[PDB]
Amino acid sequence: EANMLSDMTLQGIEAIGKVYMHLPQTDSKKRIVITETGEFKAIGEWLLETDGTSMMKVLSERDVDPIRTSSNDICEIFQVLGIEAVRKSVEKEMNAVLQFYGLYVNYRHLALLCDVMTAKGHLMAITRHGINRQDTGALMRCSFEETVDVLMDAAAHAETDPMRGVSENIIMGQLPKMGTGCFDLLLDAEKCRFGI
Amino acid sequence: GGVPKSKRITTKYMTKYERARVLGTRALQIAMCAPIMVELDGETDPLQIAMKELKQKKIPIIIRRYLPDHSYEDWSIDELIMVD
Amino acid sequence: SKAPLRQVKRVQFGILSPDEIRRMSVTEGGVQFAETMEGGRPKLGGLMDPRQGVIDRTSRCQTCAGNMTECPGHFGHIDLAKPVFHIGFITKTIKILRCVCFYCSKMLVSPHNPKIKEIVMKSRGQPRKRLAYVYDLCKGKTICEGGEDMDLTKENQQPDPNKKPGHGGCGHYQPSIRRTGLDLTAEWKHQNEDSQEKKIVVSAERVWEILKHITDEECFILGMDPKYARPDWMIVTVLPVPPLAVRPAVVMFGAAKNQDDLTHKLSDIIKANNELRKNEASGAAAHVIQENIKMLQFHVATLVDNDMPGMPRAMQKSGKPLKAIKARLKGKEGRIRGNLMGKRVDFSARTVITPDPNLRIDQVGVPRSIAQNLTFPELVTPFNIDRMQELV
Amino acid sequence: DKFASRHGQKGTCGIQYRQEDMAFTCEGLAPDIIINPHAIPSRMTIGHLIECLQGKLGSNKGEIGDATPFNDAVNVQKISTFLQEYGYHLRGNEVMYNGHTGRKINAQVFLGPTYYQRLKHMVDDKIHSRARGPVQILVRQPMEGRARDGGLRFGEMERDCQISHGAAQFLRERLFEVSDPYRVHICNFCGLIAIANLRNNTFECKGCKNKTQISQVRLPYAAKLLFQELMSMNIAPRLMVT
Amino acid sequence: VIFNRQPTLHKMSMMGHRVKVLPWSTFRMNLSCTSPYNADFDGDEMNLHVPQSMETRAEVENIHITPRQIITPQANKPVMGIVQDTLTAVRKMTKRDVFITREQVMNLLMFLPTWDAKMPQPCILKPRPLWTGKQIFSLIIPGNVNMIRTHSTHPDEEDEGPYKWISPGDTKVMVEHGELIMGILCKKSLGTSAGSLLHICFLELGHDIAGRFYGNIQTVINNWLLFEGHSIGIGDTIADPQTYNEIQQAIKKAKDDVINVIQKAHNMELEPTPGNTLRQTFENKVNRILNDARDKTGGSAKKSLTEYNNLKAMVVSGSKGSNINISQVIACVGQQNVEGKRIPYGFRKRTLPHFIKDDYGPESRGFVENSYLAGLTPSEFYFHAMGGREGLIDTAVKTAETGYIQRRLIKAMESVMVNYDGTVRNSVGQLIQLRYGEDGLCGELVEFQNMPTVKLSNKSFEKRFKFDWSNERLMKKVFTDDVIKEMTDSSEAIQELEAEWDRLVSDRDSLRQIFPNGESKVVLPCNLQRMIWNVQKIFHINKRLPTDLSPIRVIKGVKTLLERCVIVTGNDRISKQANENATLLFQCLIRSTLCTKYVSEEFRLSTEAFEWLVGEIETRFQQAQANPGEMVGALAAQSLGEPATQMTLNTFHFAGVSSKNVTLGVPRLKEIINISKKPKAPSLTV
Amino acid sequence: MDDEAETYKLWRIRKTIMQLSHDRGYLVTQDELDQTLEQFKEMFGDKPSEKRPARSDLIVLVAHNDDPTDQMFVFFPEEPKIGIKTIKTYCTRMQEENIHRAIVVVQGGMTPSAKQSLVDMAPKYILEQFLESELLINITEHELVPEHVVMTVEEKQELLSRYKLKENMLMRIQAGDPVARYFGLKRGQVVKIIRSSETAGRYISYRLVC
Amino acid sequence: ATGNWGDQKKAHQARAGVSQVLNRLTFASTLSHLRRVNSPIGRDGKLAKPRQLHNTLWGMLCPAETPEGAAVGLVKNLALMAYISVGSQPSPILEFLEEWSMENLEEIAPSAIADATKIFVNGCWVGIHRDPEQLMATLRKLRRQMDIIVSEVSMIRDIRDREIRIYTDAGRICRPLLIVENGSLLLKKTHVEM
RNA sequence: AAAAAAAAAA
Ligand SMILES: [Zn+2]
Ligand SMILES: [Zn+2]
Ligand SMILES: [Zn+2]
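Protein chains in written order, with UniProt numbering: chain A, 1281 to 1476; chain B, 47 to 130; chain C, 7 to 398; chain D, 935 to 1176; chain E, 448 to 1133; chain F, 1 to 210; chain G, 450 to 643.
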């Protein structure tokens, strides 16, 4: 009795909690189509907002749109859709968060971040488990977090740091290959014409 | 890795990161009493002399632009065009 | 200085071998005395050795004959009688110890395996991921399987003179390795020969002998370069001694009455080593030698890392924990973040700002005392020789 | 110098003006202090205006004003009605004149006595400047605090925004040239710190037995202490120069 | 020297400055530095640094100087602007009734150092010589500046009426040929917003001219403010007694309405809405009633204020304040909310012991029925303390994780580098982007463009863009006889126009494919309408006179423009494919705006105007490219971490209309930074 | 209830498989792409309980356009858990028809012993596996998924020569990605991604399968 | 002098900041420092619930006096009328209770507790009584008449839960308030003349 | 002269 009261499911998805039915009032969740005159018409179709993400049991339903339905869970998009869809979903979520407060950031700064997010083909995080696991140098990784562990890993593995970053050259004190320091100036011997 | 002049695929327009360092290096060279290529109109701050001889593109500085494949292209001052 | 000033191109990390540590050190015979002052003069072989560096503003180095600004400091060495674990390398050491054999010191999976070759060509230039893949491959191995005559399942088979060599398995079960701090225990779930008991404690000497007899080829598949990073060099046998630049003499009033924490910790290291070498030479009991090894390992670990949980904290004289080298590096106020990332500038000023509407935006109003204190280092040119002459 | 009101109107003195160069009323009244109206609605201080009006009323009448909260006996309209009887405007506004020229101000201005409190954050206790001074006995960096004559802290976000500007020479100046420059001699084969006697001009590597292949490297002092500390941790940061 | 305020949250929080020696012991600078530095002059300690090498001084001059850093690459907007009483007197000085004498404009004349010593003829010549505010702001504006915006108090019905070009209220703001003509300026026109006067005077004149224009505004405006004056008082906080009676009656009616709502909820007559419970439905109804009453009373208070009320003029100047500030001054404070909810029952079913148990009326709820001018009851003053503590708590708590997120973001992209081939690479040289921002352009020199070939109907596309030669009456009144003889001598012009129409149809189809929701606003450099207006004004283009520009020359100029405006170079197929992939929106905008009908019937451009236009377009598209040698990763990290400090402003005035669990603000970006391993509020929009 | 839903999901899975074969460059007719549910009921049946159609009855053989002897099998086993016995049965069918490509659509699971079997039979015959739940939704038809194009080795060499690129410093994509499984991408191939850009119209990137 | 509240050798486990240097800048600063209350929660918690100013702080602590920074909502100042309980022995209240009518726990059946009202003295259950209203009125009379129970002793009649709680311990904070019966104050004009 | 603690300003 406790088993059939607390565990079994009559209908629905066990990973989905409260479900709401609503009509959108703005031209963002409406269906925008092209009429015969060439104008854009926004149709306010009925739509679902469910708490809990499992779209293997949602998109595979009888009357669910397989195209416009997305999710806010980035890892599940990675194990369902792909890494470029992860990039697009992260860009869309960042745009939604910035437009909730009305703050506008340019698309290029967001796209650079989102292409950094998909650099290795999987989901790297801006933490000590995604930055320190990169193929970068030792002073790239120790100067952010876990300095001693990265230093002993480089010492034990005899890791070669090729001095290509900026904080590496900041530590060792010469001009970094960065910004206006990414080139060398040479004196032209032939161009030394008449002077004073 | 000497890239030939006809093989150079970098831009022909000198950006401000090159402009600041070439102006500073040339004005420093004048500050150690280098010969001045153009006529002087009473200017005493060698940074101003560095601009007014950068206008006629008579500064003997070769810019060694570094490509990501560890190859370098040499661009002269008069080959590049002033823009601001 | 008639030395060529060139730009360094790359940094090669590695582990200092004890032969290299003995070769770097200017202290011939090792540091033997924990006393810093001996009758108003520095003592050779002590913690205030003149060969390591300078003492005060009027003294000179015994080695390079320089002042504070000229002498960079020269390292010493302490020859420990018995090797001890490096605690920070412990999290690496078991990663080799669970991959190499406990008895014949060979590899749990034979290096001509196609999976090993696929890992090697997959992880070229990535030694950490190579070691991770090796440890993932060797997590399920519990028996040192090997033998060239272990594949005799066929009947009337002529032996092949062009046959490759097979795996070398001493026929022994590799124990599970457990740890509760610095102590290392090995347990055999399956019983070996009757001369070996099921639960043993493994000292640093057994691990040193195990990692000593590993060939360079097995170290290469382990992702660990034998030229600079041999695995037997992680166990501290010769302890490096930092110079007086790393551990400065703190002056109180006229003369330096007290030293820093590192000098006192190295004094504890010297006293521990002297007590151990006195007890082992006297033919003392086994529990005395075990206690000496335990306290020497405790002093070595607290010299390295005093922030290890499950490990007794080092007691300073002022009711504080000891500040180790890890505390010097790791932290916001550490040597990386507070001294290399964020080192202070010289020519700077700071004051309270007030508005000025008639000034243009590309101008700042500067007080007279700040403009007198802060200086612009202008070069001398013939264009403005008279103006700089009247300025000076 | 930092001044403040009794309603949170903190600020600093932008400038000082003599009596002949600032605004005066028809009665020749030069105020002690002038403030910004734009600080009023954002801070939402109507009680400052009520305090000013009650101060004008109590100074014209000759009584100590009562500012007890949640009191129905004190009202803005009552103070206005009592202030109207003393020959002034009922909202406390006054007509002033220009100080430089003498012309009437087109917009009528609100004047009266309030209660202002000085603060201890004087500029004499906060001004600091430093060209060159003491360096630390460990890292050879400037001191901390004005009493020890220490320099400013070129923090992390300074490096962040200078990388955002992308000017490498200012970074090389602030983090190598004016903080802790040092010169070390390095063996080419070993890549570690070698012995260099500058008096007889001799160079010797104690492990590589190297006497000629010794190079000179300029570096920050804190990086040198990091390398020496790593050399204490059985780590070899071999810095080859070829 | 280098001038820096801590904490430095972005790129614009440290400038380069020129030293002027002043006697007193403080730092002195312009007021417009207060917006990028986030300074408040309330005890702000701030640092200055001196370069010790003169090549670094040259780097400060060429990079770190303030006028070269006017436009942020974060949101393509200015960061300094005209603020405070300078902006208030700009608003009060451009008014139509401001008639200013010869002596006062004479006083204002010497504070313009860029003036050419040519005084204008007065607007009024007899009987007394009088100038006006727009005539003397015209002298401040240099060069060729043309501009259309609107004031913040512009009615929406004025634009479709017959008075859209002649405003009785002087609301639409027009600038032609670098002299101010029409409208009153405000925060929209002289602020940090995109498309302002400051943005276009930076983009059209240069860094130094705009930076001098900034200083040329403020001295003249502050010297005119000595003549005019500006002052708020206790009389500005008091409205009409009829307005006060109306506000009190509206508040009493709202209290009676919420009492009736409580009564019908107690009588089992409140039907719960779907998506939420009866508790949430009742709370949402009460919050909506109180917020609507507060907004209605604030609107009634704002409408009843006169033009002499300096608080209303200061708010509509846009320098400080808003409408909710005016409502809290005059009408009422509103409902105090803790975490966007009701004041919690700290006692047993009571917020205070002075109320009754199980009371849901607005006195015990937290609604404030009195204004701050009238004074508060002690209970609602305690509820205002409840509300005001939460803002300080929200300021104090999240800023640790905000700074941690900023440091993590600036450490992860510390070496994302634009190289000399136009590609984007990290420290290890791994390719991230083939072009920066997928177009190879910098974020400073881009702006907002309206796209005309997206929203419109097919018949409007045919009657608006298809060039027809059959209408000979329009052909005669638009073109001169030389163009007719020139095109009748040729034969390929008809199929050339047909190919142009086919290219426009294909571009419209591609734009509809790219944008499915019909977004007609894009982010592109080189605003075409502004420079077409500029070459109209420079060359004195008459829009009621026939021109001598053949459409074949227009098509040849457009083709030469699109051939000479390259980003990805090379004759390879991959290089050409990347060239038309990077410049597709630019090609679409060029073909949509430089059509054969716009330049002939609408804009009526000449030949020399057309060649000046194509030269200007080529030059401005060349200089708007991304500079090889520019750090973009740390710039992106700072430009995303700067709004992370400004998402605490919308904490208050929240009730929630939907009972959906969603994470908003710091946590959202925090999770997207950890790859959102587990969504804080997992939701599907199906 | 079970028969109609089973027929509907079998028709949807068959349509997804046929679209996958069409996306891989194989010889795919238009009527099989546009096969309706009623067309599937007429051609194969509507009662999957009484073997109309059977799970082994629906077996799809498709050929390549350029190379007609390069073909793909699609297998639908009926059991939920796949052992090495049915894998070996498919293999013994697979050598005797001289074809190097097949995809088995599992229902519930497919064992790690058979995972190792499919690993060590890989460089003679390609035998990919797919879950029935993953094949109810076309991956490439989603609005978040841009255009993916498989690219040959000559165009890859042209891309490396034009941009001076090396393969280790390319953008990467994992081999376990559902997009890479949809196209059957192996390690070393480079996929071209064409996406819509709001600042330039469209953008083309290149990813390395690893 | 140091401020560490414990042993010198084991001061790492002791609280810091209990003893502070007195702020002699103004008289008001000295009075604010003499009436300061410090929360034991550390100044690094991301939880906002201890930092929220509670509804029960009416007249106990000052609502608009907190330092700015990370210590907001923790350091507070006392109200002008608030008074800290010194502490008193709970003995004679207990003897008065057991002599008046109260029935002890060790002399009653366990099945006769649900109808009666429990009595708690400093968190200690003592017994039950079946007339809580008359007992609470008698306790109020004895506290007002200053005979046995001092005015410092707090007492609660939980009517909905049938409990009586008596607190005599230190650490309590009280406000002196007027007494109202029958819609009228007990303070008269005779008290004003006195 | 170091370290710890407390009080603050932005
Ligand atoms: Zn020396
Ligand atoms: Zn073995
Ligand atoms: Zn050497």
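We treat Cβ as the ideally placed atom computed from N, Cα and C, and that holds for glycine.
Notebook entry, point to check: Excluding sequence positions up to five away, which residues of its chain have a Cβ less than 6 Å from the Cβ of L892/E?
Noted result: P972, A1071
Item checked: Residues whose Cβ lies closer than 6 Å to any heavy atom of ligand 1, in chain order -> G59/C, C67/C, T69/C, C70/C, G72/C, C77/C, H80/C
Note to self: Any beta carbon of chain E sitting closer than 8 Å to that of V129/B?
What the structure shows: yes
Note to self: Using C-beta distances below 7 Å, list every residue in its chain close to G1141/D, excluding the 5 sequence neighbours before and after it, in chain order.
What the structure shows: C1124
Item checked: Distance between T455/E and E1092/D (C-alpha atoms, nearest Å) -> 7 Å
Next item on the list: Starting from the beta carbon of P514/E, find every residue of chain D whose beta carbon is closer than 8 Å, and list them in chain order.
Entry: Within 8 Å Cβ-Cβ: nothing; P514/E doesn't reach chain D, min ~15 Å.
Notebook entry, point to check: Which residues in the same chain have their Cβ closer than 7 Å to the Cβ of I93/C, if we skip the five residues on either side of it in sequence?
Noted result: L188, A307, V310, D311, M314
Notebook entry, point to check: Closer than 9 Å, Cβ to any Cβ of chain A: which residues of the region 1151-1174 of chain D, in chain order?
Noted result: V1151, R1152, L1153, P1154, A1156, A1157, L1160, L1164, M1167, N1168, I1169, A1170, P1171, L1173
Next item on the list: Report the neighbours of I1097/D on chain A: residues whose CB is nearer than 8 Å to its CB, in chain order.
Entry: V1446, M1458, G1459
Checklist line | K759/E - DSSP class collapsed to helix/strand/coil | finding: helix
Check: Do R589/G and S534/G have their CB atoms nearer than 8 Å?
Finding: no
Check: Can you name the residues that DSSP bridges to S1149/D?
Finding: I1120/D
Notebook entry, point to check: Interface residues of chain E around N364/C at Cβ under 7 Å?
Noted result: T666
Check: Buried or exposed: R1133/D, going by 16 or more other Cβ atoms within 10 Å of its Cβ?
Finding: exposed
Next item on the list: Anything in chain C within Cβ reach of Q695/E, meaning under 8 Å, just list it in chain order.
Entry: Per Cβ cutoff of 8 Å: no residues; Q695/E is ~42 Å from chain C at best.
Note to self: If the cut-off is 7 Å on Cβ atoms, which residues from the region 1104-1117 of chain D count as contacting chain A, listed in chain order?
What the structure shows: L1105, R1106, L1109, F1110
Checklist line | Any chain E beta carbon closer than 8 Å to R162/F | finding: yes
Item checked: Runs of alpha helix (DSSP H) wholly within the region 61-89 of chain B (minimum 4 residues, chain order) -> 62-77
Margin query: Could you tell me the alpha carbon to alpha carbon distance between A73/B and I857/E, rounded to whole angstroms?
Written below: 34 Å
Check: If you compare alpha carbons, which of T36/F, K124/F, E50/F is closest to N98/F?
Finding: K124/F
Item checked: Against chain D: residues of the region 522-552 of chain E by CB proximity under 7 Å -> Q531, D532
Item checked: Distance, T849/E Cα to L878/E Cα -> 29 Å
Item checked: Closest by C-alpha distance to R1117/D, when choosing among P78/C, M317/C, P120/C -> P78/C
Margin query: Is the separation between the beta-carbon of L346/C and that of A1156/D shorter than 8 Å?
Written below: yes
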